[PDB]
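Here's the structure, in structure tokens; my notes come after.
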There are 2 protein chains.
Amino acid sequence: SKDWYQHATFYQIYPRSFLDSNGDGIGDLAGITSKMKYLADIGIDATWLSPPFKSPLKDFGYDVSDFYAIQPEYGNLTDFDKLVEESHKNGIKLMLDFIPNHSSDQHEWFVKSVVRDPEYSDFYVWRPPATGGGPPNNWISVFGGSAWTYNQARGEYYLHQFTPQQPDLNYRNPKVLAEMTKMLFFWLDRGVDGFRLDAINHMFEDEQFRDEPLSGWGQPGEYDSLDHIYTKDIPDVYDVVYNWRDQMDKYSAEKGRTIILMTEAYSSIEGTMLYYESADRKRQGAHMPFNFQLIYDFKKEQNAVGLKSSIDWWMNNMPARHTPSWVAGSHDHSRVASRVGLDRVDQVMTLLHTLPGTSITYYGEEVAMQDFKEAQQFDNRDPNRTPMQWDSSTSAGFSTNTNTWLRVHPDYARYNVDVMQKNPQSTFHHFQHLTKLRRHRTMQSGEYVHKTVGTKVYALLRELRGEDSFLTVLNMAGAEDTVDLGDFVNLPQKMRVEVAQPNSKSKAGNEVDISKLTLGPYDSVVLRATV
Amino acid sequence: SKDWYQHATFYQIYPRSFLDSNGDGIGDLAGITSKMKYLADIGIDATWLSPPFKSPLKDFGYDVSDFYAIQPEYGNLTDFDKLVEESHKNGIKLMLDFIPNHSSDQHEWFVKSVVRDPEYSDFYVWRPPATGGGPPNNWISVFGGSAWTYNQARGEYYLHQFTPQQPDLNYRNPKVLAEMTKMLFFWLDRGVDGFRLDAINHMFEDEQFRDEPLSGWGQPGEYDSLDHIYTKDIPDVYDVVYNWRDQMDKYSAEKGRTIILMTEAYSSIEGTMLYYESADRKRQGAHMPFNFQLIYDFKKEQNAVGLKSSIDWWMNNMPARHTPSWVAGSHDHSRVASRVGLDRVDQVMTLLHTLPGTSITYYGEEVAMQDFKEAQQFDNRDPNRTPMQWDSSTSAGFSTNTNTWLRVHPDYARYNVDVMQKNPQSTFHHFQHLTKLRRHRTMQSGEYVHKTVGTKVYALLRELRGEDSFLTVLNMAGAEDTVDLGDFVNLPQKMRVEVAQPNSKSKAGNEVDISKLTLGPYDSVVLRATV
Ligand SMILES: [Ca+2]
Ligand SMILES: [Ca+2]
Ligand SMILES: [Mg+2]
Ligand SMILES: [Mg+2]
């Protein structure tokens, strides 16, 4: 289990929306705990837990009022401990979201910093008004408007790259780094198996607090109107990540399990790849920087050329001897079924789970959940955070309460675990076929050879000496075609259909002739051969 | 062999510059005939002969005044026959440049068409001046200025997409298509093995002769200032090429040798690929459209990401089950050594000859010839067309005459066949190593798997079940590095150095550990793994 992260099958749980175990309409930790067997049953061996920490919920958990406490409606620390134990019982690693860049403005540290408590005054970024009034500089929040908010009591502005309710922590202050590092080991000491480092490339800012220059586009006041050279990718962040990785490896050696780090950065491809490893290859950082290529580029009118080149954009730019990861949805993104269509969730899965490396599934993708736009109450991302759909009972089995924290999608009686489990030809069964296939050594450890077959068909061969070979084929067009896969020189003419998607011109267990493989609209198949 | 074109080792001969056999300073056909053994000796099995037809030389052979006759200084039709016979005796196919779009304005047809001879009047494109005067429409020659030239005798303009000395032939006239097809078979009957179709996508123009729209770039009067929707890629050409291919396939069956077509089009990638095959796969055209990717993109500051994505741009966009071809220079392009540097000619060769399919070598690449800019007398392409460099004698052995049609590059005593053959560490010996390696079944027929190894190293695996595997590795940086090739899952840790370029950190015949392969600046090696 030292190499578990190199071919993990990840599932992102959003704790407010997974399962409510006490009828208040809000998911909770005991609810998750009761479903860790379900996750293992569908082939998951690792979870990404979105932040369950105490939070005023201005950014639903990503604005943390206490980094050591559980949000009360989700449970307490003993509930968290029971979830860690039940995850490990079911063979599932638990990766906790870690929010380094900012705290809630209701955090004790910030309340005390506002009133100039000497213990915490410098925990945040405070600057006087500019000469002649106004913010200290022109920096703009990720969400628009000034990155600075005035506090009348202090007579100063504090920095927030995100909302004003998310004051940035001051990592130029070594006590800030030391405290957040200590908090990391607190959660490790409860059995956690790794961390996702949220918004990591927002950590440091220019020490001279200089104005950023204009981008050359966008209206004044818009985030995109400035070139963010003083507020993103400030390179001191890399040494912090590399140092944390070195502390995780040492902890891993002492405790006998492999602790991993993933980073979330929206950055240049070069700035992203430096989180894996320094340019000179002397330092290691994140095991797996988040890779959003499939969210960006698996689009409704993509062809196989664009799909392949999107995949190669990650792979070509990676450092050698590291692990790629792949993800199609998250708590920050519109659901796959709404983004690309119900008739395309199945081929997205087929691709997701057969690409080399680690696949990441957002809760509800396995029953083809859709955005419920009309449910939005608090946030533009509400539609992709509606309650998990478990059965056809009240509130889709998410809660006994008919009023849930966000409304359940109205079609839940057709798109839920119970109904789909009864249908051998459902997306749910397709998901399970694929995660079961991921256990095959060729999928875990084999080479990958991918090609187009004409510009509309994508094909991905996985091969490992001494093992059967597997060929994923996707039809990126909405019309039937019959194609010749003969450019894969080393495959036999006859192959077996290991997997065929719910609506497919193939059927699992049949043989096909790969010189004349018929693919239905948006088809996906995984073919098998003994070489 | 019916699939010779699928892994041909091509060599482009420029007849004026290859070998002068009679002391007038001009290359001739007898000179070429006497070097076909040299070509077979260095692993060439196919030649592209630049046009030797009668020509006033305003575009040095590409302005043809008699498509059935040889330019007198090059010899006559019996010399041509002797070259064909000696080519075949050495196992070399001869592909003849075919010039369909236009003739010289000294061709008898155009002379007669000017005076409105009814036999030839409609062989060219004649239109009255626009109402109020001026050319029929706004079309602009490829070489700048109007695509129309007035003739007072006719009181009309004739069309030339190239120089005014290259009037466009009128393929809307079936007699023109019949006559040019007749001429193809004339050369086929003399034993030629194929044709390169010059400037093929300029063949047809808008039948309404409508003005072309602006592109949005460039100054008025420049070629790049119009969107060439009426003068380039008019799709009627595809049917002409598909019909020619069908006629070549029939001729191939009757005569018992495989005739190929290659097409030269500067086009969109989509317009280029339609020369292979119709969109619906019902029609075949060129066996190999020219692929200039390596000329465009193997550049002084390229890295492995850019190099791989350039190769993938061709491969991704190809139709399935067709042959790729690769070329690094030509009679229209600055020579590799001047383009990228003398210290990079060797790694260009290594890549060129190990990519799947057919490689094309420009005469003189094998002795690292350089542009002689100061030799320019007639044409911007003169510097890359200087005489072939055979030995250290007068005029590099190209001629007994010190006055050659273009001056010989002044460094010829160091960069010539004779000197380099005596030096087993030379670019010439490296060339022969690679063309000998090309005859291995794995290179002719094996799969290809290519990757970056970090952003500066490109690696290309050729593998074929039951045969040894070969791994090409190129350092795109000008500094030494030691890299780990372990991402190629199925390769052994120990491999043999099959080829090492002249200045390399590896030596042929040594064993390397591919977890730590040291590469010198701009290195290139081919490693072998036994079965
Ligand atoms: Ca910050
Ligand atoms: Ca034309
Ligand atoms: Mg795994
Ligand atoms: Mg060959």
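As shown in the structure tokens, the chain order sets the letters A, B, ...; within each chain, residues go from 1, and ligands are also counted from 1 in the order they appear.
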| said: Contacts from chain A to chain B, 9 Å maximum, only C-alpha atoms: show me the residue list as a ChimeraX atom specification. | reply: /A:304-305,308-309,312-313,315-322,445-455,463-465,483-490,531
| message | Residues contacting ligand 3 - anything with an atom at most 9 Å away, using only C-alpha atoms and all ligand atoms - can you give me those as an MDAnalysis selection string? | response | chainID A and resid 3:9 44:46 357:358 438:439 443:444
Write the residues of the selection above to a file with N, CA and C atoms, as a PDB file, in the first residue's frame.
ATOM      1  N   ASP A   3       2.260   2.464  -2.681  1.00  0.00           N
ATOM      2  CA  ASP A   3       2.025   3.108  -3.964  1.00  0.00           C
ATOM      3  C   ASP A   3       0.544   3.331  -4.233  1.00  0.00           C
ATOM      4  N   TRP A   4      -0.272   3.404  -3.182  1.00  0.00           N
ATOM      5  CA  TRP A   4      -1.716   3.427  -3.367  1.00  0.00           C
ATOM      6  C   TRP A   4      -2.170   4.611  -4.216  1.00  0.00           C
ATOM      7  N   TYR A   5      -1.517   5.767  -4.062  1.00  0.00           N
ATOM      8  CA  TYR A   5      -1.945   6.992  -4.734  1.00  0.00           C
ATOM      9  C   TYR A   5      -1.661   6.974  -6.233  1.00  0.00           C
ATOM     10  N   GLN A   6      -0.867   6.018  -6.714  1.00  0.00           N
ATOM     11  CA  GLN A   6      -0.487   5.978  -8.123  1.00  0.00           C
ATOM     12  C   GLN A   6      -1.571   5.404  -9.012  1.00  0.00           C
ATOM     13  N   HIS A   7      -2.584   4.774  -8.426  1.00  0.00           N
ATOM     14  CA  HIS A   7      -3.718   4.271  -9.187  1.00  0.00           C
ATOM     15  C   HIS A   7      -4.950   4.244  -8.290  1.00  0.00           C
ATOM     16  N   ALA A   8      -5.143   5.303  -7.513  1.00  0.00           N
ATOM     17  CA  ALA A   8      -6.286   5.370  -6.610  1.00  0.00           C
ATOM     18  C   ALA A   8      -7.579   5.567  -7.389  1.00  0.00           C
ATOM     19  N   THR A   9      -8.679   5.072  -6.814  1.00  0.00           N
ATOM     20  CA  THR A   9     -10.027   5.310  -7.324  1.00  0.00           C
ATOM     21  C   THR A   9     -10.738   6.201  -6.308  1.00  0.00           C
ATOM     22  N   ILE A  44     -14.505   2.162  -4.828  1.00  0.00           N
ATOM     23  CA  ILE A  44     -13.760   3.318  -4.332  1.00  0.00           C
ATOM     24  C   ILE A  44     -12.733   2.838  -3.317  1.00  0.00           C
ATOM     25  N   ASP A  45     -11.490   3.333  -3.412  1.00  0.00           N
ATOM     26  CA  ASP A  45     -10.529   3.056  -2.355  1.00  0.00           C
ATOM     27  C   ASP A  45      -9.917   4.322  -1.776  1.00  0.00           C
ATOM     28  N   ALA A  46     -10.488   5.491  -2.063  1.00  0.00           N
ATOM     29  CA  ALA A  46      -9.975   6.716  -1.479  1.00  0.00           C
ATOM     30  C   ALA A  46     -11.059   7.769  -1.578  1.00  0.00           C
ATOM     31  N   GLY A 357      -3.124   6.172 -14.305  1.00  0.00           N
ATOM     32  CA  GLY A 357      -3.070   6.914 -13.064  1.00  0.00           C
ATOM     33  C   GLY A 357      -4.335   6.868 -12.234  1.00  0.00           C
ATOM     34  N   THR A 358      -4.638   7.989 -11.587  1.00  0.00           N
ATOM     35  CA  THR A 358      -5.672   8.069 -10.557  1.00  0.00           C
ATOM     36  C   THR A 358      -6.894   8.799 -11.106  1.00  0.00           C
ATOM     37  N   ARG A 438     -10.458  -1.334 -13.072  1.00  0.00           N
ATOM     38  CA  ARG A 438      -9.257  -0.625 -12.634  1.00  0.00           C
ATOM     39  C   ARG A 438      -8.352  -1.484 -11.762  1.00  0.00           C
ATOM     40  N   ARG A 439      -8.875  -2.565 -11.178  1.00  0.00           N
ATOM     41  CA  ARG A 439      -8.040  -3.420 -10.356  1.00  0.00           C
ATOM     42  C   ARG A 439      -7.113  -4.302 -11.177  1.00  0.00           C
ATOM     43  N   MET A 443      -4.406  -2.123 -16.093  1.00  0.00           N
ATOM     44  CA  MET A 443      -4.952  -0.792 -15.889  1.00  0.00           C
ATOM     45  C   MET A 443      -4.167  -0.035 -14.832  1.00  0.00           C
ATOM     46  N   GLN A 444      -3.752  -0.733 -13.776  1.00  0.00           N
ATOM     47  CA  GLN A 444      -2.967  -0.114 -12.713  1.00  0.00           C
ATOM     48  C   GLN A 444      -1.591   0.308 -13.199  1.00  0.00           C
TER      49      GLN A 444
END
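Near residue 143 (chain B), within 12 Å and counting only C-alpha atoms, sit residues 59, 160, 161, 162, 163, 164, 165, 166, 221, 222, 223, 224, 379 and 380 of chain B; same-chain residues fewer than 6 positions away were not included.
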| task | Would you mind listing what lies within 7 Å of residue 361 (chain A) as a VMD selection string, with only C-alpha atoms counted and same-chain residues fewer than 5 positions away left out? | result | chain A and resid 10 to 12 327 329
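For the set A:208, A:370, A:284, A:395, the residue with the smallest atom-to-atom gap to residue 342 (chain A) is A:370, counting only C-alpha atoms.
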Write out as an mmCIF file with N, CA, C and O atoms, in the first residue's frame each polymer residue whose atoms come within 12 Å of residue 116 (chain A), counting only C-alpha atoms; drop sequence neighbours fewer than 4 positions from it.
data_model
loop_
_atom_site.group_PDB
_atom_site.id
_atom_site.type_symbol
_atom_site.label_atom_id
_atom_site.label_comp_id
_atom_site.auth_asym_id
_atom_site.auth_seq_id
_atom_site.Cartn_x
_atom_site.Cartn_y
_atom_site.Cartn_z
ATOM 1 N N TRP A 109 -8.802 33.974 15.699
ATOM 2 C CA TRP A 109 -7.596 34.717 15.342
ATOM 3 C C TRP A 109 -7.927 36.059 14.710
ATOM 4 O O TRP A 109 -7.281 37.070 15.002
ATOM 5 N N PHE A 110 -8.908 36.090 13.814
ATOM 6 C CA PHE A 110 -9.199 37.340 13.133
ATOM 7 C C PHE A 110 -9.908 38.320 14.057
ATOM 8 O O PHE A 110 -9.639 39.527 14.015
ATOM 9 N N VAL A 111 -10.838 37.824 14.877
ATOM 10 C CA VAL A 111 -11.500 38.694 15.844
ATOM 11 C C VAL A 111 -10.461 39.376 16.719
ATOM 12 O O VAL A 111 -10.510 40.592 16.934
ATOM 13 N N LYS A 112 -9.474 38.605 17.185
ATOM 14 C CA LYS A 112 -8.411 39.154 18.012
ATOM 15 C C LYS A 112 -7.458 40.032 17.199
ATOM 16 O O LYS A 112 -6.964 41.048 17.698
ATOM 17 N N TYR A 120 -2.114 37.702 17.803
ATOM 18 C CA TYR A 120 -2.678 37.436 16.489
ATOM 19 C C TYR A 120 -2.737 38.642 15.562
ATOM 20 O O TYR A 120 -3.213 38.497 14.432
ATOM 21 N N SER A 121 -2.285 39.824 15.997
ATOM 22 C CA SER A 121 -2.375 40.998 15.138
ATOM 23 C C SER A 121 -1.785 40.728 13.757
ATOM 24 O O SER A 121 -2.406 41.034 12.732
ATOM 25 N N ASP A 122 -0.615 40.105 13.719
ATOM 26 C CA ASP A 122 0.128 39.859 12.487
ATOM 27 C C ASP A 122 -0.226 38.524 11.828
ATOM 28 O O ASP A 122 0.472 38.096 10.903
ATOM 29 N N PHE A 123 -1.295 37.858 12.276
ATOM 30 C CA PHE A 123 -1.733 36.629 11.615
ATOM 31 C C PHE A 123 -2.384 36.905 10.267
ATOM 32 O O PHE A 123 -2.523 35.984 9.453
ATOM 33 N N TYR A 124 -2.763 38.156 10.009
ATOM 34 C CA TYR A 124 -3.453 38.580 8.802
ATOM 35 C C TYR A 124 -2.683 39.740 8.193
ATOM 36 O O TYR A 124 -1.690 40.206 8.760
ATOM 37 N N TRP A 126 -2.564 43.416 7.100
ATOM 38 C CA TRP A 126 -3.140 44.720 7.397
ATOM 39 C C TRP A 126 -2.239 45.819 6.855
ATOM 40 O O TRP A 126 -1.025 45.803 7.087
ATOM 41 N N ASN A 151 -11.367 48.311 7.979
ATOM 42 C CA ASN A 151 -11.907 48.083 9.318
ATOM 43 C C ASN A 151 -11.758 49.375 10.106
ATOM 44 O O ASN A 151 -10.634 49.842 10.326
ATOM 45 N N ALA A 153 -12.257 50.100 13.263
ATOM 46 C CA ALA A 153 -11.589 49.980 14.558
ATOM 47 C C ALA A 153 -10.076 50.024 14.403
ATOM 48 O O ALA A 153 -9.385 50.755 15.122
ATOM 49 N N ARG A 154 -9.540 49.235 13.471
ATOM 50 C CA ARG A 154 -8.109 49.279 13.221
ATOM 51 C C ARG A 154 -7.693 50.517 12.450
ATOM 52 O O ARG A 154 -6.536 50.938 12.560
ATOM 53 N N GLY A 155 -8.601 51.108 11.677
ATOM 54 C CA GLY A 155 -8.174 52.142 10.759
ATOM 55 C C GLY A 155 -7.257 51.627 9.676
ATOM 56 O O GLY A 155 -6.395 52.370 9.192
ATOM 57 N N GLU A 156 -7.407 50.357 9.293
ATOM 58 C CA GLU A 156 -6.587 49.750 8.255
ATOM 59 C C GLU A 156 -7.450 48.847 7.384
ATOM 60 O O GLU A 156 -8.569 48.472 7.748
#
| message | Which residues are near ligand 1 - at most 8 Å, using only C-alpha atoms and all ligand atoms? Format: as a ChimeraX atom specification. | response | /A:101-102,160-161,168-171,202-205,231
Keeping only C-alpha atoms, write those residues as a PDB file, in the first residue's frame.
ATOM      1  CA  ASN A 101      -4.856  30.540   2.323  1.00  0.00           C
ATOM      2  CA  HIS A 102      -7.472  32.144   4.561  1.00  0.00           C
ATOM      3  CA  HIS A 160      -8.737  39.009   1.108  1.00  0.00           C
ATOM      4  CA  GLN A 161      -8.086  37.444  -2.269  1.00  0.00           C
ATOM      5  CA  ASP A 168      -5.850  35.939   4.053  1.00  0.00           C
ATOM      6  CA  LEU A 169      -3.447  34.413   6.528  1.00  0.00           C
ATOM      7  CA  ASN A 170       0.012  35.993   6.734  1.00  0.00           C
ATOM      8  CA  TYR A 171       2.563  33.358   5.793  1.00  0.00           C
ATOM      9  CA  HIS A 202      -2.731  32.387  -3.508  1.00  0.00           C
ATOM     10  CA  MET A 203      -0.526  31.881  -0.444  1.00  0.00           C
ATOM     11  CA  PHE A 204       2.030  34.686  -0.768  1.00  0.00           C
ATOM     12  CA  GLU A 205       1.783  38.227  -2.121  1.00  0.00           C
ATOM     13  CA  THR A 231      -0.910  37.790  -5.937  1.00  0.00           C
TER      14      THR A 231
END
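Taking CA of residue 98 (chain A) as the reference point, CA of residue 277 (chain A) is found at 20.1 Å.
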Could you go through region 67-313 of chain B and tell me which residues DSSP, when run on the backbone, assigns to strand (DSSP E or B), listing them as a compact mmCIF listing (two decimals) with N, CA and C atoms, in the first residue's frame?
# COMPACT_ATOMS: atom_id res chain seq x y z
N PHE B 67 6.11 19.80 -71.53
CA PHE B 67 6.00 18.78 -70.49
C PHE B 67 6.49 17.41 -70.94
N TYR B 68 6.89 17.25 -72.20
CA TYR B 68 7.29 15.96 -72.76
C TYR B 68 8.77 15.89 -73.04
N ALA B 69 9.51 16.97 -72.79
CA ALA B 69 10.90 17.08 -73.22
C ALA B 69 11.78 17.45 -72.04
N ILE B 70 13.03 17.05 -72.15
CA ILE B 70 14.05 17.32 -71.14
C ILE B 70 14.75 18.61 -71.50
N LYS B 93 13.12 3.49 -56.62
CA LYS B 93 11.96 4.03 -57.31
C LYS B 93 12.24 5.48 -57.68
N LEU B 94 11.66 5.92 -58.79
CA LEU B 94 11.84 7.28 -59.26
C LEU B 94 10.48 7.95 -59.31
N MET B 95 10.29 8.96 -58.46
CA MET B 95 9.08 9.76 -58.45
C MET B 95 9.39 11.07 -59.14
N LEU B 96 8.61 11.38 -60.17
CA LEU B 96 8.82 12.55 -61.01
C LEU B 96 7.94 13.69 -60.52
N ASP B 97 8.53 14.87 -60.40
CA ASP B 97 7.73 16.06 -60.13
C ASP B 97 6.80 16.30 -61.31
N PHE B 98 5.53 16.50 -61.00
CA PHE B 98 4.48 16.76 -61.98
C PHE B 98 3.94 18.15 -61.70
N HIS B 102 0.12 25.03 -64.02
CA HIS B 102 0.52 26.14 -64.88
C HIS B 102 1.65 25.67 -65.78
N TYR B 124 -6.00 28.38 -71.12
CA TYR B 124 -5.65 29.27 -70.02
C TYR B 124 -6.88 30.09 -69.62
N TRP B 126 -8.65 33.44 -69.29
CA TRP B 126 -8.68 34.78 -69.86
C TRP B 126 -10.00 35.45 -69.51
N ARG B 127 -9.93 36.69 -69.02
CA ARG B 127 -11.12 37.47 -68.71
C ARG B 127 -10.92 38.91 -69.16
N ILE B 140 -4.73 38.11 -55.80
CA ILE B 140 -3.34 38.51 -55.65
C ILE B 140 -2.46 37.29 -55.84
N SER B 146 -0.90 41.62 -58.43
CA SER B 146 -2.12 41.04 -59.00
C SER B 146 -1.84 39.65 -59.55
N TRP B 148 -3.43 38.75 -62.05
CA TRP B 148 -3.82 38.95 -63.44
C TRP B 148 -2.78 39.79 -64.15
N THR B 149 -2.52 39.46 -65.41
CA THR B 149 -1.60 40.22 -66.26
C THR B 149 -2.29 40.52 -67.57
N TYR B 150 -2.27 41.79 -67.97
CA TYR B 150 -2.93 42.22 -69.18
C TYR B 150 -2.12 41.82 -70.40
N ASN B 151 -2.81 41.46 -71.48
CA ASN B 151 -2.20 41.23 -72.79
C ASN B 151 -2.93 42.10 -73.80
N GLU B 156 -7.29 41.26 -72.98
CA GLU B 156 -7.81 40.56 -71.82
C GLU B 156 -6.66 40.29 -70.86
N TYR B 157 -7.01 39.96 -69.62
CA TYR B 157 -6.06 39.51 -68.62
C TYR B 157 -6.04 37.99 -68.56
N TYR B 158 -4.87 37.42 -68.34
CA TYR B 158 -4.75 36.00 -68.03
C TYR B 158 -4.36 35.82 -66.56
N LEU B 159 -4.77 34.68 -66.00
CA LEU B 159 -4.55 34.39 -64.59
C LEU B 159 -3.22 33.69 -64.37
N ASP B 168 -1.76 30.07 -65.40
CA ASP B 168 -2.53 28.94 -64.89
C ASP B 168 -3.26 28.20 -66.01
N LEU B 169 -3.17 26.88 -66.00
CA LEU B 169 -3.96 26.07 -66.93
C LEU B 169 -5.41 25.99 -66.48
N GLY B 194 5.96 7.15 -59.88
CA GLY B 194 5.03 7.99 -59.16
C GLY B 194 5.23 9.44 -59.55
N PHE B 195 4.35 10.27 -59.01
CA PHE B 195 4.38 11.70 -59.29
C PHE B 195 4.14 12.46 -58.00
N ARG B 196 4.90 13.53 -57.82
CA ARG B 196 4.55 14.55 -56.84
C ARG B 196 3.75 15.62 -57.57
N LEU B 197 2.57 15.92 -57.03
CA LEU B 197 1.65 16.87 -57.65
C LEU B 197 1.90 18.25 -57.05
N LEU B 214 -11.50 40.09 -47.44
CA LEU B 214 -10.33 40.40 -46.64
C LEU B 214 -10.15 39.35 -45.55
N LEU B 226 -5.93 38.69 -48.20
CA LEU B 226 -7.18 38.14 -48.68
C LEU B 226 -7.37 36.74 -48.13
N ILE B 260 2.79 5.49 -57.14
CA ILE B 260 2.25 6.30 -56.05
C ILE B 260 2.02 7.74 -56.51
N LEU B 261 1.14 8.43 -55.78
CA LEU B 261 0.94 9.87 -55.90
C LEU B 261 1.27 10.55 -54.57
N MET B 262 2.08 11.60 -54.63
CA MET B 262 2.20 12.52 -53.50
C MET B 262 1.72 13.90 -53.94
N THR B 263 1.13 14.64 -53.01
CA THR B 263 0.58 15.95 -53.32
C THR B 263 1.27 17.01 -52.48
N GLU B 277 -7.68 10.93 -48.68
CA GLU B 277 -8.90 10.15 -48.64
C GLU B 277 -10.08 11.08 -48.44
N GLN B 284 -9.80 7.18 -52.40
CA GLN B 284 -8.39 7.38 -52.08
C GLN B 284 -7.79 8.41 -53.03
N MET B 288 0.68 9.85 -50.07
CA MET B 288 1.34 10.66 -49.05
C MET B 288 1.27 12.13 -49.45
N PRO B 289 0.34 12.88 -48.87
CA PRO B 289 0.45 14.34 -48.92
C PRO B 289 1.69 14.81 -48.19
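Here CA of residue 509 (chain A) and CA of residue 37 (chain A) stand 28.4 Å from one another.
Residues in contact with residue 15 (chain B) at up to 8 Å, not including ones fewer than 6 positions away on its chain and judged by only C-alpha atoms, are residues 27, 28, 29, 32, 49, 50, 51, 52 and 74 of chain B.
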| request: Just the residues within 8 Å of residue 413 (chain A), please, counting only C-alpha atoms, with nothing from its chain fewer than 6 positions along; format it as a list in words. | output: residues 391, 392, 393, 396 and 419 of chain A
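As for CA of residue 403 (chain B) and CA of residue 387 (chain B), they are spaced 11.1 Å apart.
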What parts of region 402-464 of chain A does DSSP call helix (DSSP H, G or I)? I'd like the answer as a short mmCIF file (atom, residue, chain, number, x, y, z; two decimals) with N, CA, C and O atoms, in the first residue's frame.
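Generated output (states_0.cif):
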data_model
loop_
_atom_site.label_atom_id
_atom_site.label_comp_id
_atom_site.auth_asym_id
_atom_site.auth_seq_id
_atom_site.Cartn_x
_atom_site.Cartn_y
_atom_site.Cartn_z
N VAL A 417 -29.49 5.37 -6.62
CA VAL A 417 -28.71 4.15 -6.47
C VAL A 417 -29.62 2.93 -6.53
O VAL A 417 -29.37 1.98 -7.28
N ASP A 418 -30.71 2.94 -5.76
CA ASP A 418 -31.58 1.78 -5.67
C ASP A 418 -32.17 1.41 -7.03
O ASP A 418 -32.17 0.24 -7.43
N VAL A 419 -32.70 2.40 -7.75
CA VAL A 419 -33.34 2.09 -9.03
C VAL A 419 -32.30 1.65 -10.05
O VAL A 419 -32.51 0.68 -10.79
N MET A 420 -31.15 2.32 -10.07
CA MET A 420 -30.13 1.98 -11.04
C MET A 420 -29.49 0.63 -10.73
O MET A 420 -29.14 -0.12 -11.65
N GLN A 421 -29.34 0.29 -9.44
CA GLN A 421 -28.79 -1.03 -9.12
C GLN A 421 -29.66 -2.14 -9.69
O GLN A 421 -29.14 -3.19 -10.10
N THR A 427 -26.13 3.42 -15.88
CA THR A 427 -24.88 4.12 -15.64
C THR A 427 -24.22 3.62 -14.36
O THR A 427 -22.99 3.49 -14.29
N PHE A 428 -25.02 3.34 -13.32
CA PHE A 428 -24.48 2.85 -12.06
C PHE A 428 -23.72 1.55 -12.25
O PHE A 428 -22.61 1.38 -11.72
N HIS A 429 -24.31 0.59 -12.98
CA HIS A 429 -23.61 -0.65 -13.25
C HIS A 429 -22.39 -0.41 -14.14
O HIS A 429 -21.35 -1.06 -13.97
N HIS A 430 -22.50 0.52 -15.09
CA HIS A 430 -21.36 0.86 -15.94
C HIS A 430 -20.20 1.39 -15.09
O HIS A 430 -19.05 0.96 -15.26
N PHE A 431 -20.51 2.28 -14.14
CA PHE A 431 -19.50 2.78 -13.21
C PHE A 431 -18.82 1.63 -12.48
O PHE A 431 -17.59 1.56 -12.42
N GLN A 432 -19.61 0.69 -11.96
CA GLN A 432 -19.04 -0.43 -11.22
C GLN A 432 -18.20 -1.33 -12.12
O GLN A 432 -17.17 -1.86 -11.69
N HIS A 433 -18.64 -1.56 -13.37
CA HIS A 433 -17.80 -2.37 -14.26
C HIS A 433 -16.43 -1.74 -14.43
O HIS A 433 -15.42 -2.45 -14.49
N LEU A 434 -16.38 -0.41 -14.51
CA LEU A 434 -15.13 0.26 -14.79
C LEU A 434 -14.22 0.27 -13.57
O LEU A 434 -13.00 0.05 -13.69
N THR A 435 -14.76 0.55 -12.38
CA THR A 435 -13.90 0.57 -11.21
C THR A 435 -13.42 -0.83 -10.86
O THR A 435 -12.34 -0.98 -10.30
N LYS A 436 -14.21 -1.86 -11.20
CA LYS A 436 -13.73 -3.23 -11.06
C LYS A 436 -12.59 -3.50 -12.04
O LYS A 436 -11.62 -4.20 -11.71
N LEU A 437 -12.70 -2.98 -13.27
CA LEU A 437 -11.64 -3.14 -14.26
C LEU A 437 -10.35 -2.45 -13.81
O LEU A 437 -9.26 -2.92 -14.13
N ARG A 441 -4.10 -5.49 -13.26
CA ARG A 441 -2.73 -4.98 -13.27
C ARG A 441 -2.43 -4.15 -14.52
O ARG A 441 -1.62 -3.22 -14.45
N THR A 442 -3.04 -4.48 -15.67
CA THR A 442 -2.75 -3.72 -16.88
C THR A 442 -3.27 -2.29 -16.76
O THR A 442 -2.63 -1.35 -17.23
N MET A 443 -4.41 -2.12 -16.09
CA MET A 443 -4.95 -0.79 -15.89
C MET A 443 -4.17 -0.03 -14.83
O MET A 443 -3.92 1.17 -14.98
N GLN A 444 -3.75 -0.73 -13.78
CA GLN A 444 -2.97 -0.11 -12.71
C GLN A 444 -1.59 0.31 -13.20
O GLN A 444 -1.09 1.36 -12.81
N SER A 445 -0.94 -0.53 -14.00
CA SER A 445 0.50 -0.38 -14.20
C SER A 445 0.94 -0.44 -15.65
O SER A 445 2.13 -0.31 -15.92
#
